[PDB]
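The data block below is model_18.cif; it holds mmCIF, N, CA and C atoms.
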data_structure
loop_
_atom_site.label_atom_id
_atom_site.label_comp_id
_atom_site.auth_asym_id
_atom_site.auth_seq_id
_atom_site.Cartn_x
_atom_site.Cartn_y
_atom_site.Cartn_z
N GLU Z 1 5.39 -15.01 -10.98
CA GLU Z 1 6.10 -14.11 -11.87
C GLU Z 1 5.15 -13.41 -12.83
N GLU Z 2 4.02 -14.05 -13.15
CA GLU Z 2 3.02 -13.49 -14.05
C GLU Z 2 1.86 -12.88 -13.28
N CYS Z 3 2.16 -12.25 -12.14
CA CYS Z 3 1.12 -11.64 -11.33
C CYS Z 3 0.42 -10.51 -12.06
N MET Z 4 1.14 -9.79 -12.92
CA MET Z 4 0.56 -8.65 -13.61
C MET Z 4 -0.45 -9.08 -14.67
N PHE Z 5 -0.31 -10.29 -15.20
CA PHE Z 5 -1.15 -10.79 -16.29
C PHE Z 5 -2.29 -11.65 -15.79
N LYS Z 6 -2.82 -11.34 -14.61
CA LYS Z 6 -3.92 -12.08 -14.01
C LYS Z 6 -4.88 -11.10 -13.35
N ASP Z 7 -5.99 -11.64 -12.86
CA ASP Z 7 -6.96 -10.87 -12.07
C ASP Z 7 -7.40 -11.78 -10.93
N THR Z 8 -6.69 -11.69 -9.81
CA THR Z 8 -6.92 -12.53 -8.64
C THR Z 8 -7.61 -11.77 -7.51
N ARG Z 9 -8.35 -10.71 -7.85
CA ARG Z 9 -9.07 -9.96 -6.83
C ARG Z 9 -10.16 -10.79 -6.18
N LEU Z 10 -10.70 -11.78 -6.89
CA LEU Z 10 -11.74 -12.63 -6.33
C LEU Z 10 -11.16 -13.69 -5.40
N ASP Z 11 -9.95 -14.17 -5.69
CA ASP Z 11 -9.28 -15.09 -4.79
C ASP Z 11 -8.96 -14.45 -3.45
N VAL Z 12 -8.85 -13.13 -3.41
CA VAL Z 12 -8.51 -12.39 -2.20
C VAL Z 12 -9.49 -11.24 -2.10
N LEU Z 13 -10.56 -11.43 -1.34
CA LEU Z 13 -11.56 -10.42 -1.07
C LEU Z 13 -11.50 -10.00 0.38
N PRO Z 14 -11.97 -8.80 0.72
CA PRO Z 14 -11.97 -8.39 2.11
C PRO Z 14 -12.99 -9.20 2.91
N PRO Z 15 -12.65 -9.66 4.11
CA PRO Z 15 -13.60 -10.50 4.85
C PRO Z 15 -14.81 -9.71 5.31
N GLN Z 16 -15.93 -10.42 5.44
CA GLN Z 16 -17.18 -9.84 5.89
C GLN Z 16 -17.33 -9.88 7.40
N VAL Z 17 -16.23 -9.98 8.13
CA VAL Z 17 -16.28 -10.08 9.58
C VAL Z 17 -16.60 -8.72 10.17
N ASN Z 18 -17.49 -8.71 11.16
CA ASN Z 18 -17.82 -7.50 11.89
C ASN Z 18 -16.89 -7.39 13.08
N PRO Z 19 -15.97 -6.41 13.14
CA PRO Z 19 -15.11 -6.30 14.32
C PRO Z 19 -15.85 -5.92 15.58
N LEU Z 20 -17.09 -5.43 15.46
CA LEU Z 20 -17.86 -5.07 16.64
C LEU Z 20 -18.12 -6.27 17.53
N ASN Z 21 -18.25 -7.46 16.94
CA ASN Z 21 -18.46 -8.67 17.73
C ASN Z 21 -17.27 -8.94 18.64
N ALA Z 22 -16.06 -8.71 18.14
CA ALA Z 22 -14.88 -8.87 18.98
C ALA Z 22 -14.82 -7.83 20.08
N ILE Z 23 -15.47 -6.68 19.87
CA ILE Z 23 -15.47 -5.62 20.88
C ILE Z 23 -16.50 -5.92 21.96
N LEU Z 24 -17.73 -6.25 21.55
CA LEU Z 24 -18.78 -6.54 22.52
C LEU Z 24 -18.44 -7.77 23.35
N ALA Z 25 -17.76 -8.75 22.77
CA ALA Z 25 -17.38 -9.94 23.52
C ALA Z 25 -16.39 -9.59 24.63
N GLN Z 26 -15.42 -8.73 24.33
CA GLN Z 26 -14.50 -8.27 25.36
C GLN Z 26 -15.21 -7.41 26.40
N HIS Z 27 -16.31 -6.76 26.01
CA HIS Z 27 -17.06 -5.95 26.96
C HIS Z 27 -17.80 -6.83 27.97
N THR Z 28 -18.44 -7.90 27.49
CA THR Z 28 -19.18 -8.78 28.39
C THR Z 28 -18.24 -9.56 29.29
N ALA Z 29 -17.10 -9.99 28.75
CA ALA Z 29 -16.15 -10.77 29.54
C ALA Z 29 -15.61 -9.99 30.72
N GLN Z 30 -15.48 -8.67 30.58
CA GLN Z 30 -14.96 -7.85 31.66
C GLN Z 30 -16.02 -7.52 32.69
N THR Z 31 -17.27 -7.40 32.28
CA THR Z 31 -18.34 -7.01 33.18
C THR Z 31 -18.86 -8.22 33.96
N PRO Z 32 -19.49 -7.99 35.11
CA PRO Z 32 -20.13 -9.09 35.84
C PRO Z 32 -21.55 -9.31 35.33
N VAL Z 33 -22.24 -10.26 35.96
CA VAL Z 33 -23.59 -10.60 35.51
C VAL Z 33 -24.62 -9.65 36.08
N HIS Z 34 -24.44 -9.18 37.32
CA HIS Z 34 -25.43 -8.29 37.91
C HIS Z 34 -25.50 -6.96 37.18
N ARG Z 35 -24.39 -6.53 36.57
CA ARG Z 35 -24.44 -5.35 35.72
C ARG Z 35 -25.20 -5.63 34.43
N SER Z 36 -25.09 -6.85 33.91
CA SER Z 36 -25.89 -7.23 32.74
C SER Z 36 -27.37 -7.20 33.07
N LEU Z 37 -27.74 -7.71 34.24
CA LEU Z 37 -29.14 -7.66 34.67
C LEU Z 37 -29.57 -6.23 34.98
N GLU Z 38 -28.63 -5.39 35.44
CA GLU Z 38 -28.96 -3.99 35.70
C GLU Z 38 -29.35 -3.28 34.41
N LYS Z 39 -28.67 -3.60 33.31
CA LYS Z 39 -28.96 -2.95 32.04
C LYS Z 39 -30.40 -3.20 31.59
N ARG Z 40 -30.97 -4.35 31.97
CA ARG Z 40 -32.39 -4.57 31.73
C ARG Z 40 -33.24 -3.61 32.55
N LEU Z 41 -32.75 -3.20 33.72
CA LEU Z 41 -33.46 -2.20 34.52
C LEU Z 41 -33.30 -0.81 33.94
N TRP Z 42 -32.08 -0.46 33.51
CA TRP Z 42 -31.86 0.84 32.89
C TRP Z 42 -32.73 1.01 31.65
N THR Z 43 -32.89 -0.06 30.87
CA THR Z 43 -33.72 0.01 29.67
C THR Z 43 -35.20 0.09 30.04
N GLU Z 44 -35.63 -0.71 31.02
CA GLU Z 44 -37.03 -0.71 31.41
C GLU Z 44 -37.44 0.63 32.00
N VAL Z 45 -36.60 1.18 32.89
CA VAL Z 45 -36.91 2.47 33.49
C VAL Z 45 -36.92 3.57 32.43
N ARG Z 46 -36.08 3.44 31.40
CA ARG Z 46 -36.11 4.41 30.31
C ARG Z 46 -37.41 4.33 29.53
N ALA Z 47 -37.97 3.12 29.39
CA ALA Z 47 -39.26 2.98 28.71
C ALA Z 47 -40.37 3.65 29.51
N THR Z 48 -40.39 3.44 30.82
CA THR Z 48 -41.41 4.09 31.65
C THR Z 48 -41.21 5.59 31.70
N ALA Z 49 -39.96 6.06 31.64
CA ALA Z 49 -39.70 7.49 31.61
C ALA Z 49 -40.25 8.11 30.33
N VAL Z 50 -40.08 7.42 29.20
CA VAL Z 50 -40.66 7.90 27.95
C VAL Z 50 -42.18 7.78 27.98
N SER Z 51 -42.70 6.78 28.69
CA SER Z 51 -44.15 6.61 28.77
C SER Z 51 -44.79 7.75 29.56
N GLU Z 52 -44.22 8.09 30.71
CA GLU Z 52 -44.74 9.17 31.53
C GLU Z 52 -44.31 10.52 30.97
N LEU L 1 55.91 -2.20 -29.18
CA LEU L 1 54.55 -2.07 -29.76
C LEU L 1 54.00 -0.67 -29.55
N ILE L 2 53.11 -0.26 -30.46
CA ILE L 2 52.57 1.10 -30.40
C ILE L 2 51.77 1.36 -29.13
N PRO L 3 50.79 0.53 -28.75
CA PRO L 3 50.03 0.85 -27.53
C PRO L 3 50.85 0.79 -26.26
N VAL L 4 52.03 0.18 -26.29
CA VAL L 4 52.95 0.22 -25.15
C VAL L 4 53.69 1.55 -25.20
N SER L 5 53.13 2.56 -24.54
CA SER L 5 53.71 3.89 -24.58
C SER L 5 53.23 4.68 -23.37
N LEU L 6 54.15 5.44 -22.76
CA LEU L 6 53.79 6.32 -21.67
C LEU L 6 53.03 7.55 -22.15
N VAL L 7 53.17 7.91 -23.43
CA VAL L 7 52.40 9.01 -23.99
C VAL L 7 50.92 8.67 -24.01
N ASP L 8 50.59 7.40 -24.23
CA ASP L 8 49.21 6.93 -24.26
C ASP L 8 48.67 6.61 -22.88
N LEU L 9 49.44 6.85 -21.82
CA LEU L 9 48.98 6.55 -20.47
C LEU L 9 48.12 7.67 -19.90
N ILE L 10 48.48 8.92 -20.19
CA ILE L 10 47.77 10.09 -19.70
C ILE L 10 47.35 10.91 -20.92
N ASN L 11 46.98 10.22 -22.00
CA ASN L 11 46.60 10.89 -23.24
C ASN L 11 45.43 11.84 -23.01
N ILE L 12 45.67 13.13 -23.26
CA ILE L 12 44.64 14.15 -23.10
C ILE L 12 43.50 13.96 -24.09
N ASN L 13 43.76 13.31 -25.23
CA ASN L 13 42.69 13.10 -26.20
C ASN L 13 41.64 12.14 -25.65
N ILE L 14 42.08 11.05 -25.02
CA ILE L 14 41.14 10.13 -24.39
C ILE L 14 40.45 10.79 -23.21
N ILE L 15 41.12 11.72 -22.55
CA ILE L 15 40.48 12.44 -21.46
C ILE L 15 39.37 13.33 -22.00
N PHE L 16 39.60 13.97 -23.15
CA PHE L 16 38.53 14.72 -23.80
C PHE L 16 37.39 13.80 -24.20
N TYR L 17 37.72 12.60 -24.69
CA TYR L 17 36.71 11.60 -25.00
C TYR L 17 35.83 11.31 -23.79
N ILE L 18 36.47 11.02 -22.66
CA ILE L 18 35.75 10.70 -21.43
C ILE L 18 34.91 11.89 -20.98
N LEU L 19 35.49 13.09 -21.05
CA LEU L 19 34.79 14.30 -20.64
C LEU L 19 33.52 14.50 -21.45
N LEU L 20 33.64 14.51 -22.77
CA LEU L 20 32.47 14.72 -23.62
C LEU L 20 31.45 13.61 -23.42
N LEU L 21 31.93 12.38 -23.28
CA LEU L 21 31.04 11.24 -23.09
C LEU L 21 30.17 11.41 -21.85
N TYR L 22 30.79 11.72 -20.72
CA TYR L 22 30.03 11.76 -19.48
C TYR L 22 29.27 13.06 -19.30
N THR L 23 29.71 14.16 -19.91
CA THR L 23 28.86 15.34 -19.98
C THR L 23 27.59 15.04 -20.76
N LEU L 24 27.71 14.30 -21.87
CA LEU L 24 26.52 13.95 -22.64
C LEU L 24 25.65 12.98 -21.86
N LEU L 25 26.27 12.05 -21.14
CA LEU L 25 25.53 11.18 -20.23
C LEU L 25 24.69 12.01 -19.28
N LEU L 26 25.32 12.95 -18.58
CA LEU L 26 24.62 13.83 -17.65
C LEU L 26 23.50 14.59 -18.34
N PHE L 27 23.73 15.02 -19.58
CA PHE L 27 22.70 15.75 -20.30
C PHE L 27 21.49 14.86 -20.57
N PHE L 28 21.72 13.57 -20.81
CA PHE L 28 20.67 12.65 -21.21
C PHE L 28 20.13 11.76 -20.09
N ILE L 29 20.59 11.93 -18.84
CA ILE L 29 20.01 11.17 -17.72
C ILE L 29 18.49 11.30 -17.66
N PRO L 30 17.90 12.49 -17.69
CA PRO L 30 16.43 12.58 -17.58
C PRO L 30 15.67 11.88 -18.69
N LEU L 31 16.32 11.46 -19.77
CA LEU L 31 15.69 10.63 -20.78
C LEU L 31 15.90 9.15 -20.53
N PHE L 32 16.98 8.78 -19.84
CA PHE L 32 17.17 7.39 -19.45
C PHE L 32 16.22 6.99 -18.34
N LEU L 33 15.81 7.93 -17.50
CA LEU L 33 14.87 7.67 -16.42
C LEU L 33 13.43 7.61 -16.89
N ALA L 34 13.17 7.77 -18.18
CA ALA L 34 11.81 7.94 -18.69
C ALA L 34 11.20 6.63 -19.15
N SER L 35 11.48 5.55 -18.42
CA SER L 35 10.86 4.26 -18.65
C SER L 35 9.76 4.04 -17.61
N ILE L 36 8.64 3.50 -18.07
CA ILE L 36 7.44 3.35 -17.24
C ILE L 36 7.37 1.93 -16.71
N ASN L 37 7.14 1.80 -15.41
CA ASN L 37 6.79 0.55 -14.77
C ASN L 37 5.30 0.53 -14.49
N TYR L 38 4.72 -0.67 -14.52
CA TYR L 38 3.28 -0.87 -14.36
C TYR L 38 2.92 -1.39 -12.98
N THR L 39 3.60 -0.91 -11.95
CA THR L 39 3.37 -1.38 -10.58
C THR L 39 2.26 -0.59 -9.89
N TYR L 40 2.16 0.71 -10.15
CA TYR L 40 1.10 1.50 -9.55
C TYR L 40 -0.23 1.27 -10.24
N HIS L 41 -0.21 0.85 -11.50
CA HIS L 41 -1.42 0.34 -12.13
C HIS L 41 -1.95 -0.86 -11.36
N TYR L 42 -1.05 -1.79 -11.02
CA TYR L 42 -1.42 -2.95 -10.23
C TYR L 42 -1.96 -2.54 -8.87
N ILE L 43 -1.32 -1.57 -8.23
CA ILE L 43 -1.76 -1.15 -6.90
C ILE L 43 -3.13 -0.51 -6.97
N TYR L 44 -3.38 0.32 -7.99
CA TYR L 44 -4.68 0.94 -8.14
C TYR L 44 -5.76 -0.10 -8.41
N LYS L 45 -5.45 -1.09 -9.24
CA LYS L 45 -6.47 -2.04 -9.64
C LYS L 45 -6.78 -3.03 -8.53
N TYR L 46 -5.77 -3.44 -7.76
CA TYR L 46 -5.91 -4.55 -6.84
C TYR L 46 -6.10 -4.14 -5.39
N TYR L 47 -5.68 -2.94 -4.99
CA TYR L 47 -5.92 -2.48 -3.63
C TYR L 47 -7.40 -2.21 -3.45
N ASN L 48 -8.05 -3.03 -2.62
CA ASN L 48 -9.49 -2.94 -2.37
C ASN L 48 -9.70 -2.86 -0.86
N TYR L 49 -9.95 -1.65 -0.38
CA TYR L 49 -10.35 -1.45 1.01
C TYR L 49 -11.60 -2.25 1.32
N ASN L 50 -11.76 -2.61 2.60
CA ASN L 50 -12.93 -3.36 3.02
C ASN L 50 -14.17 -2.51 2.86
N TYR L 51 -15.07 -2.95 1.99
CA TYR L 51 -16.29 -2.23 1.66
C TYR L 51 -17.50 -2.73 2.45
N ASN L 52 -17.33 -3.71 3.32
CA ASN L 52 -18.44 -4.18 4.13
C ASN L 52 -18.78 -3.15 5.19
N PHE L 53 -20.07 -3.09 5.53
CA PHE L 53 -20.58 -2.15 6.51
C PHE L 53 -20.80 -2.85 7.85
N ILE L 54 -20.91 -2.04 8.89
CA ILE L 54 -21.19 -2.53 10.23
C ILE L 54 -22.69 -2.60 10.43
N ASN L 55 -23.15 -3.69 11.03
CA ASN L 55 -24.58 -3.91 11.30
C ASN L 55 -24.68 -4.62 12.65
N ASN L 56 -25.03 -3.86 13.69
CA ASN L 56 -25.14 -4.45 15.02
C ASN L 56 -26.28 -5.44 15.12
N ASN L 57 -27.37 -5.20 14.39
CA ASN L 57 -28.52 -6.09 14.43
C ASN L 57 -28.26 -7.35 13.60
#

Serialized structure, structure tokens:
Amino acid sequence: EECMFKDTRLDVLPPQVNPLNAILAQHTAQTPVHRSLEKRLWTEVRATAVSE
Amino acid sequence: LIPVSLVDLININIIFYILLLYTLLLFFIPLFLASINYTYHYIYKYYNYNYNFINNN
């Protein structure tokens, strides 16, 4: 009843959770493993492309 | 008894009383509505959007 006569903003703060983790986890769960290993090839070939 | 009377049942004088009373009520409604509640002060002070940033690394 005395909510107006308090300062409870510290008792209720916005969480520091990154929602991106929930997104990337759903991304890996849907993909297979050989595509995960392929991404290491896509990155490596991109490095050699920038090198040449 | 005096108040036991059919003349006092539809008394035009009391009807004038009611008329003037509620016309004045209508005139003064915008002053009766002029009381302040402190709820939007609370909403401004306590509503805190999430200020944390995204950091993939």

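Across the structure, CA of residue 14 in chain Z and CA of residue 52 in chain L are spaced 8.0 Å apart.
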
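With atom N of residue 19 in chain Z on one side and atom N of residue 47 in chain Z on the other, the separation reads 29.0 Å.
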
Practice item. Translate the PyMOL selection byres ((chain Z) within 7 of (chain L)), as applied to the file shown, into an explicit residue set as a list in words. Key: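 Against this file, the PyMOL selection byres ((chain Z) within 7 of (chain L)) returns the residues residues 4, 9, 14, 15, 16 and 18 of chain Z.
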
Check your understanding: CA of residue 57 in chain L and CA of residue 10 in chain Z, how far apart in Å?
Key -> 27.5 Å

Exercise for review: Once DSSP has gone over the backbone, tell me which residues of chain L are in helix (DSSP H, G or I), as a PyMOL selection string.
Suggested key: chain L and resi 12-32+39-46

Taking all listed atoms of range 16-31 of chain Z, build the axis-aligned box, pad each of the six sides by 8 Å, then write its centre and edge lengths in Å to one decimal as JSON.
{"center_x": -16.8, "center_y": -7.9, "center_z": 19.7, "size_x": 20.7, "size_y": 21.7, "size_z": 44.5}
